[PDB]
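Read through the structure below, which is laid out as structure tokens, and then see the notes.
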Amino acid sequence: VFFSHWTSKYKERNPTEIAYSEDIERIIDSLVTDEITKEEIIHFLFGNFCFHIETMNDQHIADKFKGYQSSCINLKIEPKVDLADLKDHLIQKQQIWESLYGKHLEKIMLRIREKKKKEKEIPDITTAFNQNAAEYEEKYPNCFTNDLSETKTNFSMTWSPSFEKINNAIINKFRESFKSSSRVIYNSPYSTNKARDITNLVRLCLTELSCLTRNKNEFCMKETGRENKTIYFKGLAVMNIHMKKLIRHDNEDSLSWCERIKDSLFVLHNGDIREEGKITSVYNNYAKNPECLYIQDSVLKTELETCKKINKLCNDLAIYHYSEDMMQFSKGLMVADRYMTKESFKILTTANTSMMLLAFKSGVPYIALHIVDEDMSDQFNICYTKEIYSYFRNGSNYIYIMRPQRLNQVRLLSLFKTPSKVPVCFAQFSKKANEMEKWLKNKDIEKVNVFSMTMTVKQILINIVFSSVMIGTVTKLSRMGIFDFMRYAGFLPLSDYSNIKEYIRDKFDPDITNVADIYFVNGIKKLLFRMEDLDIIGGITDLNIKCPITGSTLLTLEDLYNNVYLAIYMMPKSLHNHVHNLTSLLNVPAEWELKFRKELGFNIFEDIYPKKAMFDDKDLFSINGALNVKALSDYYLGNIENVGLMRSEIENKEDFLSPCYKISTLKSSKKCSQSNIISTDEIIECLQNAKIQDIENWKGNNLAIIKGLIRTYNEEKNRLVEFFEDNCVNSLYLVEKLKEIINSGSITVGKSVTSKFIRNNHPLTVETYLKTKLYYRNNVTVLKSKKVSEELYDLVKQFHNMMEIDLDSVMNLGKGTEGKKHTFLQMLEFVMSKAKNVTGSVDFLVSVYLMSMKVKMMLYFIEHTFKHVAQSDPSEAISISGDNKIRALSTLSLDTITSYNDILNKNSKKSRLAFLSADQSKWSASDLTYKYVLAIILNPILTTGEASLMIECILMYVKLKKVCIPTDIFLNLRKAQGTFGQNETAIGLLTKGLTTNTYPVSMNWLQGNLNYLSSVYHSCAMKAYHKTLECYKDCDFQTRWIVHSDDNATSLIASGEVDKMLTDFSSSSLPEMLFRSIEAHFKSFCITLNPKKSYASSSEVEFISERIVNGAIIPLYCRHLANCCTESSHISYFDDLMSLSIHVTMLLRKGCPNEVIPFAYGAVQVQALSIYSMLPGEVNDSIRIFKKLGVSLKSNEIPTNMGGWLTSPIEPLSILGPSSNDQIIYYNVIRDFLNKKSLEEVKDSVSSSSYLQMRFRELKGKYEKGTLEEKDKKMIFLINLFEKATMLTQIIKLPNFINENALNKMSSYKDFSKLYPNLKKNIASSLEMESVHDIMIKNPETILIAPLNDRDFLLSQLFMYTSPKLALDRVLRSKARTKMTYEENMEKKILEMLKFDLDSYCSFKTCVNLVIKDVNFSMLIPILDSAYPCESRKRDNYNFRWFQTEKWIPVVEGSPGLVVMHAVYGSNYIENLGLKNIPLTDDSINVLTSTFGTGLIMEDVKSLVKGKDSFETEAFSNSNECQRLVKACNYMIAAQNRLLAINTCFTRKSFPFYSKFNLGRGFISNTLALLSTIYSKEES
């Protein structure tokens, strides 16, 4: 039934003995155990498919039976030719392969016994900490001790003396203060020639060099006195233009010192007089009056004023002003990174009154000048005691000179995100102190103050301020390590975790190189001490202590989990270097594969080999072998139902019969990085045609080849000589010509300049230098990152026999839909036909992970034929609908466990429950890929030949896989080994003396490559666990498991003889035996479960995040709250606000608490404004530009595309999403201009025809009379906004680095520039342009629609060329010209865009019609204005009970299918605003190419000259607005042609061509029930 298509051409192929390798017979020889012999094991292995016969076709079963006879003939065993004889074998199959379960249970019993033995017994976590400090002490001796003066700076580079005074003023103020008599006092670091040199340097550069001055702020030292030269050089030599020192975790002097640091920081921060600013202005707009963010203001009267209280607190200790100084700090250092020299230096003053930084030339160091008054200086001395060089007195004032530090560019980025980081820190943490709650709920807004708290609330405010600064201002890898440590040290509040001592004993990194993280060490030590002293409300009986904020009297467990997790989740990704992360990501697979190779027993030199039969229940890397195929067989039998139906689902949904450009994965641009190099004949032929008489005429590729070869001769003469000997017969001629070229002297040579040779040169010079450098009788070739679709295009060219792209070779064949076409596995058979050929394994490379188009094709094939095994399995959670399916699956799992236990607690003997949260140790590397070879050959999905195909590509994927080291880091470590090391590390013995560029990893299948497959066999492993655990006698176990790759959530219920299986399992509790049994079993399937990141609880569920306890979910919003503040898209201001407002809406829908929403609005606004469109109070504003231009548009309806602010209400944000703000702006202006009251009046005003026409007619009359009002002004403003334009677009497009000088890197652009001549590079040109537009106008589906078939793809890639660290980039480009300037681009855009213009009716009525025909908007507004305030199951509580209830009872009872009033929602992509912009862009492209073609035909194009029919129809199209008229006919016309691409030209030549190959017309939308995943804790 259903016509099962035979989806390959490999019908005769067999997995055994017809495949290219001979792995499978020794797979048998490794899989043979006792009492199971060769004939039976291969008979099972290739006849397990007959369990699925009742839903298979006769031709499929005949093919599989012939493959079975072929395999039995190949293996020299007796074939079975009868179904009845195969069942007569299945009986002994069932009895002997169900016997493996019994032996396996005793094997994991024994493994549990010795794993319970010999490990160690740690009595207490203090003893574990002492053991860890001990093993670090004989790891590296003479560390630690109480000598803090050799430690690093504890407050880092974060300095804020609060200033009580009033750019060029500050420098002359400091010059006035620095010219007095010297009374300099030095200090000990914790109560001096370098300090003297720094002081002399700073008084020289203050008195004498600060007043040649460039850019008004930076200046150099060239013409001075020789003594100034000497002491300037001494200062720069002082700053230099294992050595680890540590601090023990239990130092009472350190904790007392850090307490002093805290309280003195509080006294320091209580001193600012600033009341205005930029950060203060934006956060104050969002927070002094935050009820404009709301709709139902009057239903709650204990919330808004306390949010104002935290706003007033942040104003009083000047947190926003502090953030302002850090933004000006980091921005100044960012512009200090420039072409300035080592003898030049820069003055930096922030918005504060008396800051000064003195930046010199890894990064930039700087000297500090700060002002402290007489009243409060001693506590400043205690705070800054590590980082103070000197201080001195002037009147009643104090000048402070501090220790310089060193920055990195990513550290400047992290300091630049401080205004997004620290206010939301103080906001959530102040919501997380319950004593803060009772303070601000007792006091009032006008009476909250610093000098009027109790002592304990004072001390927690000091702790909260210390936490805010030390979390938002992180720089150090020490901070990275400790924050990772309490990321992975928070599983103690529940049952047996098996890391409460041994994680700190083994995998803890006590890299505490300074102080002020000792407070966090002591806080987490207090938490773990309190937990070791021994739905669920936590802290009301535990009485624990928060880790960052101390924060006693805990309300719930959610507060502490959100506390620690926000403390983790703004930790930025890399803070070390680019090439430390890169070297680590290259060294980890090297170490894992070296461990594999050394423990199995190969050496570095031989082939990889598949099996020597120790792949049988060993401890390091082995599977059980005879168990795994039975587990996979029962998994397939119990999971896949109606195999042919889901196979047809594979063919239809996953496009197994469609061309490869129909998949977004293989047509999208995420970079393939394949291998290319200049051919070897080109270099020698360029040398032979190199003419000495044209030394000065060397331009182009020849000069670059010459530079590469002269570098090769200058460095490695012998390597050049052997290269020319192995590549040229006239090697003496080449050598003597090289010597004659060096004897000319008209060229330039280069010394060792590290990566600057790669930087300031053409890449051709460096790739020919590497090619002539590392010639070792092989073909070294590094890879390049192409555009994926370009390699698909190249493969299409090679598959249609075009090795050279001929112009006539494409339009001759492939006419219409019924023309020539290809399929995905025909293409992949070409792929394997090319890969089987001996080509030096240049296909099988990975460059970092970036894997080639080759491996992308076959592992795409494997992973994406293995999806539908997973969507047929309800206990598997990688086949997910983004986010809601994960939470829904985990929670129906857990509440089925709770219901199951609650229905068998009645009248049973005993009942216990336990669950384990597990993350495996190394999913990519510690697993076995040879288990997968055993896994497709039992899949009943496939036939013989395609199963053989994926066996072949997997065994090549593990036989020829290699990782390529980058050239630059290769050169650095080669030079380091040459001059200093003379030996190498674990990466250094895989390559012979580092002589090879590329090194092999095989068993580490690289991460992300096989994601669905490994999770499918993870679920199979859990099914085998259920089958094994049901085999034990005296219990009934019910396990439900939810599975991601590298992840596991495993439940279990035990009933019966719980005491005796507890003693049998050699453990004290059900979570303990669950942990040990899962560990032993998973090691029996070569799944290395991490003993540290795996905790077994009794009531708390943690799959990947968002724990849920006892049926009630912990929200875990702080991932979204932090990713609002640490990561952005970095493309433009509009799109950055769009993406971080996506994160804001996730915050709104993940159970956000009471106060932090305005601060999150402030965080997204401050981030977007600070990076991209400059925040108010300076140049490049938007509101200041509007006030300058006198636009009638008010401040709170500026559209975000030119610089508006996210001022949308919280309900339209959380319901619709990012477009709610400009959609609400458009709704308000339509409601104002049509003089209407309600949207329901706007429906029957707009839907009646001849209404918008007479409205614009009245508008035209009012404009020509000149009596315009402000509503009409705002109207015509956004009419031309939508005309010159989610609803809108980016508008102003600042162009990137123009890659027209790099477009020649693409082979497709080379193909275009070869097939059409150099006139296409940027009379003959006009006629070839006419030919190009002729072949566009003959085939409009080439450009208008995505490629339907062949003769629609490769020429589309050729013809899209017809007509013409980045966060650091345009913060200086915003103050530069891109040549005319972006701020003037704004005010000119409002200047020509404010005026009324003409024929704008199309834009006006499409804006109104889009607002009207938006569906979910049109039911959102009436319930928003028709929401009753409280009661009737709407509002009964007030403790975080409004951001669920009044958000989502009105909508998810307006959209029916719910009963609840409190739940955490994961919504779909219900709001799609992109169903008209794609029509607009498509027919605008059609209009553009038609206009260009008729422009080539003639000039002054208003009417055609009666050319052809397409020209007349395009004339009638562009007489009016072509897009608007084609939609205008497209409401009534309902042709909707089937797209045979033959009748389309027959029907009509304009309207179908730019209407119906957009695959749809303007039609209605569809709304969902918001997919409420599960309910939170119930309050009534």
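Order of 1488-1494, 679-685 by packing, highest average Cβ count within 10 Å first?
Numbers: 1488-1494: 18.9, 679-685: 14.3.
Descending mean neighbour count gives 1488-1494, 679-685.
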- With a ≥ b ≥ c from the Cα gyration tensor eigenvalues, square-rooted, and the rule rounded for a/c under 1.5, otherwise prolate when a/b > b/c and oblate otherwise, region 1068-1131 is oblate
- How do 1195-1205, 1329-1339, 686-696, 1023-1033 rank on mean C-beta neighbours within 10 Å, highest first? 1195-1205, 1023-1033, 1329-1339, 686-696
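Could you pull out the pairs from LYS931/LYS1033; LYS787/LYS820; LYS1395/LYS1549 whose alpha carbons sit more than 27 Å apart here? Write down the numbers at each step before the final one.
Numbers: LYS931/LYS1033 30 Å; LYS787/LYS820 25 Å; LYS1395/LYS1549 37 Å.
Correct reply: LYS931/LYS1033; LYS1395/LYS1549.
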- Between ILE1423 and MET1498, the two model label points (7 Å from Cα along the beta-carbon direction) sit apart by a distance in nm of 6.0 nm
- Dipole check, the chain, charges on Cβ (K,R +1; D,E -1), about Cα centroid: among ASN397, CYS1522, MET326 the Cα furthest to the positive pole belongs to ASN397
- Query: What number, in percent, do you get for the relative contact order of region 677-780 if the mean sequence gap of Cα pairs under 8 Å and at least 6 apart is divided by its residue count?
  - Reply: 40 percent
- Pairs beyond 32 Å (Cα-Cα), from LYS9/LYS797; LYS245/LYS751; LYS1305/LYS1388: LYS245/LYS751; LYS1305/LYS1388
- Using θ = phi - 60° and Karplus 6.51 cos²θ - 1.76 cosθ + 1.60, couplings along region 1146-1155 (whole Hz; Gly, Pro as x): 4, 4, 5, 9, 9, x, 4, x, 6, 9
- Just report the Cα centroid separation between region 1269-1303 and region 1523-1577, whole Å. 26 Å
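Could you state the per residue volume, in Å³, of the convex hull enclosing the Cα atoms of the chain? It would help to have the intermediate numbers written out before the result.
Working: hull volume 355.0 nm³, N = 1580.
Considering the Cα atoms of the chain, their hull volume per residue is 225 Å³.
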- Query: Cα-based count: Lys pairs in region 1396-1518 below 14 Å, eight or more positions apart or different chains?
  - Reply: 4
- State the number of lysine pairs found in region 469-619 whose Cα atoms come within less than 26 Å, restricting to pairs 8 or more positions apart or on distinct chains. 26
- Item | Length added when fully stretched, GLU1578-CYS1430, from 0.36 nm per residue minus Cα-Cα | 51.6 nm
- Run the quick spin-label model on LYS66 and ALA1528: label points 7 Å from Cα toward the beta carbon, then report their separation in nm to one decimal. 6.4 nm
- Would you list which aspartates and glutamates come within 13 Å of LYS1023, measuring only between C-alpha atoms, while excluding same-chain residues fewer than 8 positions from it? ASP634, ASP873, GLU876
- Task: Please turn the phi angles of region 1483-1488 into ³J(HN,Hα) values with the Karplus equation 6.51 cos²θ - 1.76 cosθ + 1.60 (θ = phi - 60°), one per residue in order, whole Hz, x for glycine and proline.
- Result: 6, 6, 5, 4, 5, 5
- Task: Could you work out how far apart the two model spin labels at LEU105 and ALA84 are, taking each label as a point 7 Å from the Cα in the direction of the beta carbon, and quote it in nm?
- Result: 3.6 nm
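Starting with the highest mean, order 1070-1080, 1047-1057, 797-807 by the number of other Cβ atoms within 10 Å, averaged over the residues of each peptide.
On the way: 1070-1080: 23.2, 1047-1057: 21.1, 797-807: 13.2.
Going by the mean number of other Cβ atoms within 10 Å, highest first, we get 1070-1080, 1047-1057, 797-807.
With n ≥ 4 as the cut-off for DSSP H runs, can you work out [θ] at 222 nm for the chain, using -39500 (n - 2.57) per run divided by the number of residues, rounded to the nearest 500?
Numbers: 65 runs with 760 residues, N = 1580.
Result for the chain: -15000 deg cm²/dmol, rounded to the nearest 500.
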- Give the distance, in whole Å, between the Cα centre of region 1393-1443 and the Cα centre of region 503-569. 44 Å
- Which shape class, rounded, prolate or oblate, goes with region 677-780 when its Cα gyration tensor gives a ≥ b ≥ c as root eigenvalues, a/c under 1.5 marks rounded, and past that a/b bigger than b/c marks prolate? rounded
- Task: Set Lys and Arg Cβ to +1 and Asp and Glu Cβ to -1, take the dipole of the chain about its Cα centre, and tell me which of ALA1324, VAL1464, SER746 lies farthest positive.
- Result: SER746
- Query: Cross-link list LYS103/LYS909; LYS699/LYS737; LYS630/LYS1060: which exceed 20 angstrom alpha carbon to alpha carbon?
  - Reply: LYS103/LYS909; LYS630/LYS1060
- What list of ³J(HN,Hα) couplings, whole Hz, do you get for region 1241-1250 from phi and the Karplus terms 6.51, -1.76, 1.60, once you set θ to phi - 60° and write x for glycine and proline? 6, 6, 4, 7, 6, 7, 5, 6, 6, 6
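Readers should treat all values here as calculations from the given coordinates under stated rules, not as data from a laboratory. Cβ atoms come from the backbone with ideal geometry, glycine included; neighbour counts cover every protein chain shown.
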